């Protein structure tokens, strides 16, 4: 354990891709099924950088209300977060403000990356030009596709750089 481990909380509406994203980073395969998460499932995720090694403990929370578990409670001691939404579902996006509001209530000013998932789907319903989230210094946005592998690493790279205060970080 020569390097620290940052607590990353993964949040967002049900079926947005949270679990599929994390899973693809961990095994490489893309799950076609949607098996709601119950409470949370913490998964360790490590990346090798040009400066050293960065370790993450991704807290994959549950988007469905009925399976929320300890939502507020998983946020405690987070060094950062990722709020996810479906680009093919206007409702998952209109809800981003509520997820953000609660992360802030527990941790303030931690870096947060907002991802628009499933941009690989031909009929997008939330155009990237509409995103106004990243207008904050500790906030950022990205079009991602857990399926097409598009901008797969971006969120983790941004966060990693913000966390280690070193814009020079690059994954190896």
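Positions refer to the first chain, counted from 1.
135 to 143 or 62 to 70, whichever carries the higher mean Cα B-factor: Comparing averages over the C-alpha atoms only gives 135 to 143.
Mean C-alpha temperature factor, higher of 35 to 43 and 48 to 56: Averaging CA B-factors over each stretch, the winner is 48 to 56.
Residue 25, C-alpha B-factor rank within chain (lowest, middle or highest third): Highest third of the chain for residue 25's C-alpha B-factor.
Residue 118 CA temperature factor, ranked by third within the chain: Its C-alpha B-factor belongs to the middle third of this chain's values.
B-factor third for the C-alpha atom of residue 103 within its chain: Ranked within chain, residue 103 CA B lands in the lowest tercile.
Residue 112 by Cα B-factor - lowest, middle or highest third of the modelled chain: Bottom third by C-alpha B-factor.
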